[PDB]
$ cat protein01.txt   # compact mmCIF, C-alpha atoms
# COMPACT_ATOMS: atom_id res chain seq x y z
CA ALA A 1 0.00 0.00 0.00
CA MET A 2 2.72 2.43 1.06
CA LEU A 3 6.22 3.06 -0.25
CA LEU A 4 9.33 4.30 1.53
CA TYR A 5 12.47 5.08 -0.45
CA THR A 6 15.65 4.88 1.61
CA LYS A 7 19.44 4.88 1.64
CA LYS A 8 21.61 2.64 3.85
CA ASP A 9 23.13 5.15 6.28
CA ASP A 10 20.83 8.15 6.32
CA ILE A 11 19.78 9.27 9.77
CA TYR A 12 16.52 10.50 8.23
CA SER A 13 15.71 7.12 6.69
CA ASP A 14 16.53 5.38 9.95
CA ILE A 15 14.14 7.69 11.76
CA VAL A 16 11.24 7.22 9.37
CA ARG A 17 11.82 3.46 9.38
CA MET A 18 11.71 3.32 13.19
CA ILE A 19 8.60 5.42 13.26
CA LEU A 20 7.03 3.03 10.75
CA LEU A 21 8.10 0.06 12.90
CA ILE A 22 6.67 1.46 16.14
CA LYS A 23 3.44 2.29 14.35
CA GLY A 24 1.74 -0.78 13.04
CA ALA A 25 2.39 0.46 9.58
CA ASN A 26 3.30 -1.96 6.92
CA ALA A 27 4.96 -0.23 4.04
CA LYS A 28 7.13 -1.47 1.26
CA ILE A 29 10.60 -0.22 1.98
CA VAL A 30 13.02 0.04 -0.89
CA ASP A 31 16.70 0.78 -0.76
CA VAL A 32 17.69 2.75 -3.85
CA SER A 33 21.38 2.14 -3.21
CA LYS A 34 20.75 -1.39 -4.48
CA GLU A 35 20.79 -1.96 -8.24
CA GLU A 36 18.02 -4.51 -7.80
CA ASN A 37 15.70 -1.55 -7.25
CA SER A 38 16.98 0.75 -9.98
CA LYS A 39 13.45 1.01 -11.36
CA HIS A 40 12.34 2.55 -8.08
CA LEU A 41 15.18 5.07 -8.21
CA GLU A 42 14.08 6.09 -11.68
CA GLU A 43 10.58 6.55 -10.33
CA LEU A 44 11.80 8.49 -7.35
CA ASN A 45 13.42 11.03 -9.62
CA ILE A 46 10.12 11.54 -11.40
CA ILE A 47 8.08 12.16 -8.22
CA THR A 48 10.44 14.55 -6.44
CA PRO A 49 12.69 17.32 -7.71
CA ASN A 50 16.08 15.79 -6.83
CA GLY A 51 15.10 12.20 -6.06
CA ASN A 52 15.36 13.01 -2.35
CA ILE A 53 15.96 10.43 0.36
CA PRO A 54 13.99 9.47 2.26
CA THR A 55 10.72 9.83 0.37
CA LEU A 56 7.42 8.39 1.53
CA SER A 57 4.87 7.90 -1.19
CA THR A 58 1.32 6.83 -0.58
CA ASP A 59 -0.36 5.96 -3.86
CA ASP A 60 -1.75 9.49 -3.84
CA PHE A 61 1.19 11.77 -2.94
CA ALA A 62 4.94 11.81 -2.20
CA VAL A 63 6.71 13.67 0.63
CA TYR A 64 10.40 14.20 1.53
CA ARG A 65 10.45 16.85 4.32
CA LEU A 66 11.03 14.94 7.58
CA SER A 67 8.56 16.94 9.61
CA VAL A 68 5.63 16.24 7.29
CA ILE A 69 6.69 12.62 6.69
CA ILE A 70 6.25 12.30 10.44
CA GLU A 71 2.99 14.27 10.33
CA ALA A 72 1.55 12.24 7.49
CA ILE A 73 2.42 9.00 9.26
CA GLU A 74 0.91 10.36 12.47
CA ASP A 75 -2.38 11.06 10.64
CA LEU A 76 -2.49 7.72 8.82
CA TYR A 77 -1.28 5.79 11.89
CA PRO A 78 -2.51 7.54 15.06
CA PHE A 79 -1.32 4.90 17.57
CA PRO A 80 0.96 5.08 19.40
CA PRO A 81 1.35 8.87 19.72
CA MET A 82 4.61 10.51 18.69
CA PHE A 83 3.58 13.92 19.94
CA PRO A 84 2.24 15.41 23.18
CA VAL A 85 -1.54 15.50 23.43
CA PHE A 86 -1.72 19.05 24.73
CA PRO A 87 -1.30 22.17 22.60
CA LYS A 88 1.50 23.92 24.54
CA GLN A 89 3.82 20.92 24.73
CA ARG A 90 2.77 19.70 21.28
CA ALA A 91 3.60 23.07 19.68
CA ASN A 92 6.82 23.56 21.61
CA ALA A 93 7.67 19.99 20.55
CA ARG A 94 7.12 20.87 16.92
CA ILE A 95 9.48 23.81 17.29
CA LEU A 96 12.02 21.56 19.00
CA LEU A 97 11.79 18.99 16.19
CA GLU A 98 12.57 21.79 13.79
CA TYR A 99 15.50 22.86 15.99
CA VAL A 100 17.08 19.38 16.20
CA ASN A 101 16.55 19.17 12.45
CA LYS A 102 18.56 22.35 11.86
CA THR A 103 21.31 21.72 14.41
CA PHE A 104 22.08 17.99 14.37
CA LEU A 105 20.34 16.02 11.58
CA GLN A 106 21.22 18.29 8.66
CA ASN A 107 24.76 18.55 9.99
CA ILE A 108 25.11 14.79 10.34
CA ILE A 109 24.28 14.54 6.64
CA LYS A 110 26.69 17.38 5.88
CA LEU A 111 29.36 15.33 7.64
CA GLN A 112 28.59 12.22 5.56
CA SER A 113 29.52 13.92 2.24
CA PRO A 114 33.26 13.57 1.45
CA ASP A 115 33.75 16.90 -0.39
CA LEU A 116 33.86 18.74 2.94
CA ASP A 117 36.91 20.67 4.11
CA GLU A 118 38.19 18.70 7.10
CA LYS A 119 38.38 21.78 9.32
CA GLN A 120 34.85 22.72 8.22
CA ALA A 121 33.67 19.29 9.38
CA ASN A 122 35.55 19.76 12.64
CA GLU A 123 33.62 22.96 13.23
CA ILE A 124 30.31 21.20 12.66
CA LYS A 125 31.17 18.37 15.06
CA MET A 126 32.30 20.91 17.62
CA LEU A 127 29.04 22.88 17.40
CA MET A 128 27.15 19.63 17.78
CA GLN A 129 29.12 18.74 20.93
CA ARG A 130 28.41 22.27 22.14
CA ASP A 131 24.65 21.85 21.90
CA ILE A 132 24.04 18.10 22.41
CA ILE A 133 23.71 18.10 26.23
CA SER A 134 21.47 21.17 26.29
CA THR A 135 19.25 19.76 23.55
CA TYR A 136 18.99 16.38 25.25
CA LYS A 137 18.13 18.37 28.38
CA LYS A 138 15.22 20.26 26.79
CA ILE A 139 13.95 17.00 25.32
CA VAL A 140 13.84 15.39 28.80
CA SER A 141 12.25 18.54 30.25
CA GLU A 142 9.46 18.33 27.63
CA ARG A 143 9.04 14.66 28.56
CA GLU A 144 7.85 15.86 31.99
CA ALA A 145 6.17 3.26 31.91
CA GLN A 146 6.36 6.22 29.52
CA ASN A 147 5.67 6.02 25.79
CA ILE A 148 8.45 6.93 23.40
CA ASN A 149 8.18 10.39 21.84
CA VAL A 150 9.33 11.57 18.44
CA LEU A 151 11.95 13.84 20.03
CA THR A 152 13.44 11.01 22.14
CA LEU A 153 13.49 8.68 19.14
CA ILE A 154 15.28 11.25 17.01
CA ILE A 155 17.76 12.02 19.76
CA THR A 156 18.50 8.30 20.10
CA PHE A 157 19.45 8.39 16.44
CA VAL A 158 21.55 11.49 17.02
CA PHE A 159 23.54 9.74 19.78
CA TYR A 160 23.93 6.73 17.52
CA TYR A 161 25.34 8.86 14.69
CA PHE A 162 27.61 10.63 17.16
CA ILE A 163 28.99 7.18 17.87
CA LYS A 164 29.30 6.43 14.15
CA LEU A 165 31.17 9.66 13.38
CA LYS A 166 33.57 9.19 16.29
CA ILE A 167 32.20 12.17 18.19
CA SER A 168 32.25 11.91 21.95
CA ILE A 169 29.54 13.18 24.23
CA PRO A 170 30.88 15.99 26.46
CA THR A 171 29.43 15.10 29.85
CA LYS A 172 30.86 13.82 33.12
CA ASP A 173 27.41 13.19 34.58
CA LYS A 174 26.90 9.51 35.41
CA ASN A 175 23.12 9.60 35.06
CA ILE A 176 23.24 11.16 31.59
CA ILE A 177 25.55 8.40 30.30
CA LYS A 178 23.28 5.80 31.88
CA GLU A 179 20.34 7.45 30.12
CA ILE A 180 22.01 7.63 26.71
CA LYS A 181 23.14 4.01 27.08
CA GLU A 182 19.54 3.17 28.05
CA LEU A 183 18.17 4.92 24.91
CA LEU A 184 20.55 3.11 22.58
CA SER A 185 19.26 -0.14 24.08
CA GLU A 186 15.61 0.06 22.95
CA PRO A 187 14.48 -3.01 20.99
CA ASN A 188 12.95 -1.25 17.99
CA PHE A 189 15.97 1.01 17.69
CA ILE A 190 18.39 -1.93 17.47
CA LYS A 191 15.95 -3.75 15.22
CA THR A 192 16.08 -0.82 12.80
CA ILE A 193 19.86 -0.42 13.10
CA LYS A 194 20.54 -4.07 12.34
CA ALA A 195 18.74 -3.98 8.98
CA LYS A 196 20.37 -1.03 7.27
CA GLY A 197 18.07 0.22 4.54
CA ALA A 198 14.85 -1.69 5.20
CA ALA B 1 -5.81 36.63 23.74
CA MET B 2 -3.58 36.12 20.71
CA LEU B 3 -0.78 38.31 19.41
CA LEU B 4 0.39 37.85 15.83
CA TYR B 5 3.75 39.39 14.90
CA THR B 6 3.52 40.29 11.22
CA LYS B 7 5.27 42.41 8.67
CA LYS B 8 3.67 44.14 5.69
CA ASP B 9 3.71 42.45 2.27
CA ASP B 10 4.48 39.04 3.78
CA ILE B 11 2.45 36.27 2.24
CA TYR B 12 2.73 34.12 5.35
CA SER B 13 1.50 36.91 7.64
CA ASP B 14 -1.41 37.54 5.27
CA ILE B 15 -2.34 33.84 5.04
CA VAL B 16 -2.29 33.59 8.83
CA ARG B 17 -4.24 36.82 9.41
CA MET B 18 -6.94 35.48 7.13
CA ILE B 19 -6.83 32.18 9.01
CA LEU B 20 -7.56 34.06 12.25
CA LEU B 21 -10.18 36.16 10.45
CA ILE B 22 -11.98 32.98 9.39
CA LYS B 23 -11.56 31.23 12.75
CA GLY B 24 -13.33 34.17 14.39
CA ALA B 25 -10.49 34.42 16.88
CA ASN B 26 -9.86 38.02 17.81
CA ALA B 27 -6.13 38.57 17.79
CA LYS B 28 -3.87 41.56 18.19
CA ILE B 29 -1.91 41.89 14.95
CA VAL B 30 1.38 43.81 15.16
CA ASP B 31 3.29 45.07 12.14
CA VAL B 32 6.86 44.59 13.29
CA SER B 33 8.11 46.55 10.26
CA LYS B 34 6.34 49.63 11.63
CA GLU B 35 8.41 52.07 13.70
CA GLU B 36 5.67 52.60 16.29
CA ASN B 37 5.89 48.91 17.13
CA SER B 38 9.68 48.83 17.55
CA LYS B 39 9.25 47.77 21.18
CA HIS B 40 7.20 44.76 20.03
CA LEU B 41 10.02 43.95 17.62
CA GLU B 42 12.46 43.89 20.52
CA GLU B 43 10.18 41.54 22.41
CA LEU B 44 9.90 39.24 19.41
CA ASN B 45 13.70 39.07 19.29
CA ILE B 46 13.67 37.70 22.84
CA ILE B 47 11.01 34.98 22.49
CA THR B 48 12.16 33.87 19.04
CA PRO B 49 15.55 32.71 17.59
CA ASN B 50 15.86 34.95 14.51
CA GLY B 51 13.16 37.59 14.78
CA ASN B 52 10.84 35.10 13.08
CA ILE B 53 7.89 36.56 11.13
CA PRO B 54 5.15 35.61 11.40
CA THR B 55 5.15 34.41 14.99
CA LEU B 56 1.95 33.70 16.90
CA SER B 57 2.07 34.41 20.64
CA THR B 58 -0.39 32.77 23.04
CA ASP B 59 -0.53 32.97 26.84
CA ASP B 60 1.39 29.68 26.83
CA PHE B 61 3.85 29.72 23.92
CA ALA B 62 5.24 31.30 20.78
CA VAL B 63 5.34 29.43 17.46
CA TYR B 64 6.76 30.51 14.11
CA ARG B 65 6.68 27.92 11.32
CA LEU B 66 3.54 28.27 9.17
CA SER B 67 2.51 24.61 9.49
CA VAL B 68 3.10 24.93 13.25
CA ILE B 69 1.13 28.20 13.43
CA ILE B 70 -1.87 26.83 11.54
CA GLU B 71 -1.57 23.83 13.87
CA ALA B 72 -1.65 25.84 17.11
CA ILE B 73 -4.43 28.14 15.88
CA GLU B 74 -6.43 25.03 15.10
CA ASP B 75 -5.71 23.43 18.50
CA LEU B 76 -7.11 26.57 20.16
CA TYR B 77 -9.91 27.13 17.58
CA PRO B 78 -10.70 23.84 15.79
CA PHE B 79 -13.96 24.99 14.20
CA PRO B 80 -14.34 25.50 11.26
CA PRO B 81 -11.76 22.97 10.09
CA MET B 82 -9.07 24.02 7.64
CA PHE B 83 -7.87 20.51 6.85
CA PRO B 84 -9.99 17.42 6.25
CA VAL B 85 -11.13 15.61 9.40
CA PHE B 86 -10.52 12.11 8.07
CA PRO B 87 -6.89 10.79 8.21
CA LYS B 88 -6.09 9.93 4.55
CA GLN B 89 -7.51 13.17 3.15
CA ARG B 90 -5.93 15.28 5.92
CA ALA B 91 -2.56 13.65 5.22
CA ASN B 92 -2.67 14.39 1.52
CA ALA B 93 -3.68 17.95 2.38
CA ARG B 94 -0.66 18.48 4.66
CA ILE B 95 1.59 17.11 1.96
CA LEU B 96 0.07 19.35 -0.70
CA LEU B 97 0.38 22.31 1.66
CA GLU B 98 4.09 21.53 2.03
CA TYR B 99 4.29 21.45 -1.75
CA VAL B 100 2.72 24.90 -2.09
CA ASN B 101 5.05 26.05 0.68
CA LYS B 102 8.20 24.87 -1.16
CA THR B 103 7.18 25.70 -4.70
CA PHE B 104 5.37 28.98 -4.11
CA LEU B 105 5.38 30.66 -0.65
CA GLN B 106 9.13 30.24 -0.05
CA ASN B 107 9.90 31.38 -3.60
CA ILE B 108 7.68 34.44 -3.23
CA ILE B 109 9.67 35.34 -0.11
CA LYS B 110 12.79 34.74 -2.27
CA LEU B 111 11.58 37.17 -4.96
CA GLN B 112 11.04 39.83 -2.30
CA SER B 113 14.70 39.57 -1.14
CA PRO B 114 16.54 42.93 -1.35
CA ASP B 115 19.71 41.34 -2.73
CA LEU B 116 17.84 39.34 -5.38
CA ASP B 117 19.81 38.30 -8.45
CA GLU B 118 18.11 38.79 -11.83
CA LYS B 119 19.03 35.32 -13.10
CA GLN B 120 17.38 33.61 -10.13
CA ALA B 121 14.44 36.05 -10.15
CA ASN B 122 13.77 34.76 -13.68
CA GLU B 123 14.39 31.14 -12.64
CA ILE B 124 11.84 31.48 -9.86
CA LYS B 125 9.20 33.31 -11.89
CA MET B 126 9.49 30.74 -14.65
CA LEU B 127 9.29 27.85 -12.17
CA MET B 128 6.18 29.16 -10.48
CA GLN B 129 4.45 30.13 -13.74
CA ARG B 130 5.17 26.72 -15.14
CA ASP B 131 3.52 24.92 -12.20
CA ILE B 132 0.81 27.21 -10.80
CA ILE B 133 -2.12 25.94 -12.89
CA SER B 134 -1.56 22.21 -12.46
CA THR B 135 -1.06 22.87 -8.73
CA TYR B 136 -4.32 24.84 -8.58
CA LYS B 137 -6.05 21.99 -10.39
CA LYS B 138 -4.63 19.45 -7.90
CA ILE B 139 -6.07 21.57 -5.12
CA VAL B 140 -9.60 21.76 -6.64
CA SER B 141 -9.50 18.07 -7.54
CA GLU B 142 -8.60 17.07 -3.97
CA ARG B 143 -11.30 19.48 -2.88
CA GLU B 144 -14.12 17.97 -4.95
CA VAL B 145 -13.01 14.32 -4.85
CA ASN B 146 -14.36 13.57 -1.37
CA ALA B 147 -15.82 16.94 -0.30
CA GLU B 148 -18.57 16.51 -0.92
CA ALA B 149 -18.83 23.04 -0.18
CA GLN B 150 -19.88 26.06 1.87
CA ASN B 151 -16.71 26.59 3.95
CA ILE B 152 -13.14 27.00 2.70
CA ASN B 153 -9.95 24.96 3.30
CA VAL B 154 -6.33 26.02 3.86
CA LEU B 155 -5.18 24.93 0.39
CA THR B 156 -7.70 27.18 -1.33
CA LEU B 157 -7.01 30.14 1.00
CA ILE B 158 -3.29 29.81 0.38
CA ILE B 159 -3.60 29.37 -3.37
CA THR B 160 -5.74 32.54 -3.32
CA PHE B 161 -2.85 34.39 -1.70
CA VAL B 162 -0.41 32.87 -4.18
CA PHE B 163 -2.47 34.30 -7.03
CA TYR B 164 -2.80 37.61 -5.19
CA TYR B 165 1.00 37.73 -4.95
CA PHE B 166 1.51 36.72 -8.60
CA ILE B 167 -0.38 39.91 -9.24
CA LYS B 168 1.51 41.85 -6.54
CA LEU B 169 4.82 40.88 -8.20
CA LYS B 170 3.66 41.51 -11.80
CA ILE B 171 3.70 37.84 -12.84
CA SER B 172 1.02 37.04 -15.45
CA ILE B 173 -1.29 34.22 -14.34
CA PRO B 174 -0.61 31.75 -17.17
CA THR B 175 -4.03 30.50 -18.27
CA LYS B 176 -6.47 31.21 -21.08
CA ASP B 177 -9.07 28.75 -19.76
CA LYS B 178 -12.24 30.76 -19.13
CA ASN B 179 -13.50 28.47 -16.39
CA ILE B 180 -10.23 28.76 -14.46
CA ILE B 181 -10.21 32.52 -14.95
CA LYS B 182 -13.75 32.70 -13.54
CA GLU B 183 -12.74 30.55 -10.57
CA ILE B 184 -9.61 32.60 -9.83
CA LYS B 185 -11.57 35.85 -9.95
CA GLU B 186 -14.18 34.34 -7.65
CA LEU B 187 -11.34 33.39 -5.28
CA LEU B 188 -9.80 36.84 -5.47
CA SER B 189 -13.09 38.52 -4.63
CA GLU B 190 -14.14 36.41 -1.67
CA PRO B 191 -15.39 38.46 1.36
CA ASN B 192 -12.78 37.45 3.95
CA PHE B 193 -9.96 37.75 1.41
CA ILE B 194 -10.81 41.37 0.60
CA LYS B 195 -11.45 42.01 4.28
CA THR B 196 -7.94 40.65 4.88
CA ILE B 197 -6.03 42.52 2.17
CA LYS B 198 -7.74 45.90 2.44
CA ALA B 199 -7.73 46.14 6.23
CA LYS B 200 -3.93 46.05 6.65
$ encode --input "protein01.txt" --output "structure tokens"
Amino acid sequence: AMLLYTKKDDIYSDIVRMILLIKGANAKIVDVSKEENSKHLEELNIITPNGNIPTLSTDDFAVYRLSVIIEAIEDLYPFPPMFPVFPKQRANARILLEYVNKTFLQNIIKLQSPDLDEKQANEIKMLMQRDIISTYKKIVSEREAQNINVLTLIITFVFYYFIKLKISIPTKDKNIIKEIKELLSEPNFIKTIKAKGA
Amino acid sequence: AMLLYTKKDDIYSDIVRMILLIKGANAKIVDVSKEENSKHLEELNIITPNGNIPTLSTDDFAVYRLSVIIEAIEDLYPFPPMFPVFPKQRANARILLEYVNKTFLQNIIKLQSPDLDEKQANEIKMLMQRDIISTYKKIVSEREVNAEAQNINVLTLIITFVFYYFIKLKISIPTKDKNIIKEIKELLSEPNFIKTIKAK
């Protein structure tokens, strides 16, 4: 019924795949890195300007902005909730999602590209280290057994890509490290991480 | 008690002000570009990262992305509904709204930029002109496919402002179809639209 176009190590794809896993959604997931799916790649380029990844296409429409991929999924698949149920927290959450998107996710992708001036990269990593603890801190504050939230899920993926890019979390706090280790341990997260593009 | 930080000739501000108009919410609009509201501007610069415009301010929060603004306004004034109320339809509508946002709204803001290059001004105009009519048709098709038409949706309101701004930026509306012309004129002379553009 539903189609998700993905790439093997895209934090965005990983996020949308986890969200689809947690929801009861069943969607065909296609990795356009693989030749075996070249047809799908061709199609992707037709239905989006740059053949963006990830793209979620219902039969009707196709979307590549993360925020509205998440929104569309949340409308099609209401349960379980990815967002707060009350307008203040829900709105502030939406702003936060946009913030994490600007600061960490986009930058993680920027880091993946090999054209980048090494020093330039080093800046980006450094900024990320600068804001990671504070961001994690707002996300826990907004959280105030509990359901997983879209912000916590995304931040789990952020910590996981920090690990991938050999970036070390700047905290001495014991509890924070226990918490981050605890996030990285969720079953769906690992389930998603094990199967790279699907 | 709402407070909408706007600036003049901003398509987003106008869209939102009409949203509030329609919702019947009474909100204090503030033109941040105006000198007499400089204090307000200062305040905005505290509660927002980059002096974001528009920004809606409630007793509880401030929000600034258009999707997020329409969202909050709806949470606090759900009736009448801007989006469909059934999941599938509502989803398509959000996606289509994002499309109009990327293709049109954002590009209109681009064309207003004071440092605008001529090459990219032409790129943008040509892009928009090339797509506007098929986009408009997608909107009316989605409209009439399942619904059902007394009250208006966000897609139609926004496409009305896109047309209005095509005019405001001296871009010819590329159609000769007499039906579509009639429809566009009907859109452009809808009560709340005129009430919105001529009371600023």
$ residues_around --input "protein01.txt" --residues "residue 57 of chain B" --least-positions-apart "5" --cutoff "6 Å" --atoms "only C-alpha atoms" --output "PyMOL selection string"
chain B and resi 2-3+62
$ atom_distance --input "protein01.txt" --atom1 "atom CA of residue 197 of chain A" --atom2 "atom CA of residue 149 of chain A"
22.4 Å
$ interface_residues --input "protein01.txt" --of "chain B" --to "chain A" --cutoff "7 Å" --atoms "only C-alpha atoms" --output "ChimeraX atom specification"
/B:60-61,63,68,72,75,87-88,91-92,95
$ axis_aligned_box --input "protein01.txt" --around "segment 173-190 of chain A" --padding-each-side "3 Å" --output "AutoDock Vina command-line options"
--center_x 20.2 --center_y 5.1 --center_z 26.4 --size_x 20.5 --size_y 22.2 --size_z 23.9
$ atom_distance --input "protein01.txt" --atom1 "atom CA of residue 10 of chain B" --atom2 "atom CA of residue 33 of chain B"
10.6 Å
$ residues_around --input "protein01.txt" --residues "residue 188 of chain B" --least-positions-apart "6" --cutoff "10 Å" --atoms "all atoms listed in the file" --output "PyMOL selection string"
chain B and resi 157+159-161+163-164+182+194
$ atom_distance --input "protein01.txt" --atom1 "atom CA of residue 191 of chain B" --atom2 "atom CA of residue 99 of chain B"
26.2 Å
